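Participant: Below: the sequence, then the experimentally determined structure.
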Amino acid sequence: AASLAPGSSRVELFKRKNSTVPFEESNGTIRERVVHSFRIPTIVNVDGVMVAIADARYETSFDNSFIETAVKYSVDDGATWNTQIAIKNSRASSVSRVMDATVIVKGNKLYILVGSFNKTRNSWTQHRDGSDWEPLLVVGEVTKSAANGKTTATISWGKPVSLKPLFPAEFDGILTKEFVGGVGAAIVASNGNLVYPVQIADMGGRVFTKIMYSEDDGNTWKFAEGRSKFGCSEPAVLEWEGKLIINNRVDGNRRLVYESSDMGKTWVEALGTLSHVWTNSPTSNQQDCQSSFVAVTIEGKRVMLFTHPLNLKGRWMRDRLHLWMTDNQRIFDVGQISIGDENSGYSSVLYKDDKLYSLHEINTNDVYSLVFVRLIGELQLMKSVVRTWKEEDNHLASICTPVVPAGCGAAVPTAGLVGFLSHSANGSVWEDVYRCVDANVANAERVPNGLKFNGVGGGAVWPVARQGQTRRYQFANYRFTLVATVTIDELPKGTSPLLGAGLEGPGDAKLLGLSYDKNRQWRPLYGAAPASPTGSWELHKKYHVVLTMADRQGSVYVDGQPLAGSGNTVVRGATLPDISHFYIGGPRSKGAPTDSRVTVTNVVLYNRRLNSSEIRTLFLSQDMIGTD
Ligand SMILES: CC(=O)N[C@H]1[C@H]([C@H](O)[C@H](O)CO)O[C@@](O)(C(=O)O)C[C@@H]1O
């Protein structure tokens, strides 16, 4: 949906120039005080109690002003609320402030890390030194009580402790200046470790991200050895199948993501999954924004939730806030969660007692409020999509395949299965069985498990780069596997396209693919190398086709065996290829009036290089996988 889903609603929880907070004067007296703006939100669940954390910007929305950390907690899922001032600032001057809260929840305790400043009027990365800054850690404890029927709760906040004395003066050569958390909800690793994603500023004004953790519930803190590239900020982390996943903000470029199997010791870019998928705007050269990255279990399946504005207006406007769901294989757009073309910003998401909630910013004239939202309709959609992934995966994993001369043979591979095109298809659309990325069609006629092509441009386009702003099939450039069952219906005049991957840019170059000619021979394409024909085929016969691409290599299989040339390098340079799209048949909106008279059924796409036996399994069972 392009707007807050029907059946969903929200309230202006933190209302600008209206809501008051229990401010404490120097002498101890407490007076309710108006607040210009409320920014940088985070909502979490502590032992059944909702806790909303945010910046209370008293006089103005600017970063350099009087700020304190406000809090609003609840025990009745948002019916009633209580308000406190979690952390005070130093009171050293008109601009003293504490900001950018990062939060971790373990047991009934809250661990809050923030940046504290005294007098500076310029931004942190641009300070002369670090004399004005301090990294503060605050611990909060939640206690539940109860009168007759009605439950109540209190929250006690301890005295702030500084981590400065633990900040090394240098990292592998690099001279340090300041550091803060990455903002947002953090985690408690399965081994019990408290894991903080942090952003570091060096002396020379550069920025990068790193991991800061504790094995002893807050006593000590260690800094992992690994790190990101320069330019990464406001990072968010979660735990997935044994590894840590780090999702960074990147002003003026696409978002970088890394993996780590050793609590941060070594980092590898996630080129085969999520890296470079999300960005800051259509052109990717605008200011970026914060994002939430949280792991949850829906209908018995562990998945990942990601948020981020589209920013169609550019700069700091941050409009049209979306929500994504991924299983580290497929990536689904749950729609827009903000209203119309309003201005949003930072955000937060929480799954509690089978209900979905959100806390985010709304901006008008640079005065900020914080809305509390109920994702009634979004969760519905989400629950449906998971049931599909679950159902299809198991189905494919239950088929009894032939036994190979050495009950059943090897199972049909589902690990790394990203997309599937089969029987279902309507209008100019070929439907994605996994409900994420459909393929555009032209000049086709439906057949069991696929389509038959006839006419100028007959074919299908599976969008890669052509997806636009968000590039969900970015993994293809690093590695991929394409599968398909085919038949050739009519003899071509010379050479004709059947299936492959094409590149952005001049001419109509291909990365890898397969073509057929007038002599009944296959014509494989391996990068820019001339396509010399080989082998032999017959009209109307069903053939298994497979395309492999890994380690910059390429291979093409027919009937389970490789064709001559298979194993050759397909791209020179350290620069990644830029796949425009996958092509099935011979689609085209311009140029040569291609008319590939072929029929294609059951196209499968994986995010990894399938092994030899896995290809055998597919070749011997292609008659059992179709969706009828
Ligand atoms: C400490 C601090 O000022 N953080 C602020 C960041 C910093 O500019 C980046 O960290 C620069 O690296 O940007 C903001 O202005 C923003 O984009 O909304 C808000 C946030 O409060």
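Facilitator: Nice, I can see it. Residues are numbered from 1 along each chain as shown.

Participant: Return the residues of the stretch 51-200 of the chain in contact with the ligand.
Facilitator: Counting by C-beta under 6 Å from any ligand atom, the stretch 51-200 of the chain comes close to the ligand at 63, 99, 100, 115, 123, 124, 125. Backbone N, C-alpha and C define where each C-beta goes, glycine included.

Participant: Looks like residue 461 contacts residue 439 (just checking).
Facilitator: Yes: with contact defined as C-beta atoms under 8 Å, residue 461 and residue 439 form a contacting pair (6.0 Å).

Participant: Touching, residue 111 and residue 139? I think so.
Facilitator: Yes: under the contact definition of C-beta under 8 Å, residue 111 touches residue 139, with a separation of 6.0 Å.

Participant: In PDB, list the C-alpha atoms belonging to stretch 466-479.
Facilitator: Written as PDB, here are the backbone C-alpha positions of stretch 466-479 (Å, rounded to 0.1, in the frame of the first residue of the first chain):
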ATOM      1  CA  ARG A 466      15.900  -1.900 -13.700                       C
ATOM      2  CA  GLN A 467      14.200  -2.300 -10.400                       C
ATOM      3  CA  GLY A 468      15.000   1.300  -9.700                       C
ATOM      4  CA  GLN A 469      15.800   2.800  -6.300                       C
ATOM      5  CA  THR A 470      15.800  -0.400  -4.300                       C
ATOM      6  CA  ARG A 471      17.900  -3.100  -5.900                       C
ATOM      7  CA  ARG A 472      16.800  -6.500  -4.400                       C
ATOM      8  CA  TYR A 473      18.600  -8.700  -6.900                       C
ATOM      9  CA  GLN A 474      22.000  -7.000  -6.300                       C
ATOM     10  CA  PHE A 475      23.500 -10.400  -5.500                       C
ATOM     11  CA  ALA A 476      23.500 -11.400  -9.100                       C
ATOM     12  CA  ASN A 477      26.600  -9.300  -9.900                       C
ATOM     13  CA  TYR A 478      28.600 -11.300  -7.300                       C
ATOM     14  CA  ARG A 479      27.100 -14.700  -8.000                       C
END
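
Participant: can you pull the buried residues of stretch 579-599?
Facilitator: Neighbour-count burial for stretch 579-599 flags 579-588, 594-599 (criterion: 16 or more other C-beta atoms under 10 Å).

Participant: my bad, stretch 411-418
Facilitator: 411, 412, 413, 416, 417, 418.

Participant: export those to JSON lines and tack on secondary structure and distance to the ligand?
Facilitator: Shown next, in JSON lines, are the buried residues of stretch 411-418 (DSSP: H, G, I helix; E, B strand; the rest coil; distance: C-beta to the nearest ligand atom, whole Å):
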{"residue": "411", "secondary structure": "coil", "distance to the ligand": "48"}
{"residue": "412", "secondary structure": "coil", "distance to the ligand": "47"}
{"residue": "413", "secondary structure": "coil", "distance to the ligand": "43"}
{"residue": "416", "secondary structure": "coil", "distance to the ligand": "36"}
{"residue": "417", "secondary structure": "strand", "distance to the ligand": "38"}
{"residue": "418", "secondary structure": "strand", "distance to the ligand": "33"}
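
Participant: Most widely separated two among these?
Facilitator: Across the buried residues of stretch 411-418, the longest distance by C-beta to C-beta is 17.9 Å; it joins 411 and 418.

Participant: Quickly note the distance from residue 79 to residue 9.
Facilitator: Taking C-beta to C-beta, to the nearest Å as the measure, residue 79 falls 14 Å from residue 9.

Participant: the more surrounded of these two?
Facilitator: Taking neighbours as other C-beta atoms under 10 Å, residue 79 and residue 9 compare with residue 9 leading, 11 against 7.

Participant: State whether the more buried one and residue 373 are indeed in contact, as I suppose.
Facilitator: Yes: with contact defined as C-beta under 8 Å, residue 9 and residue 373 form a contacting pair (7.4 Å).

Participant: Which of the three states applies to the residue of the chain at minimum distance from the ligand?
Facilitator: In the chain, the residue found nearest to the ligand is residue 63; the distance is 3.8 Å by C-beta to the nearest ligand atom. With DSSP: H, G, I helix; E, B strand; the rest coil as the basis, residue 63 sits in coil.

Participant: same question, residue 393
Facilitator: Quick answer, by three-state DSSP: residue 393 is helix.
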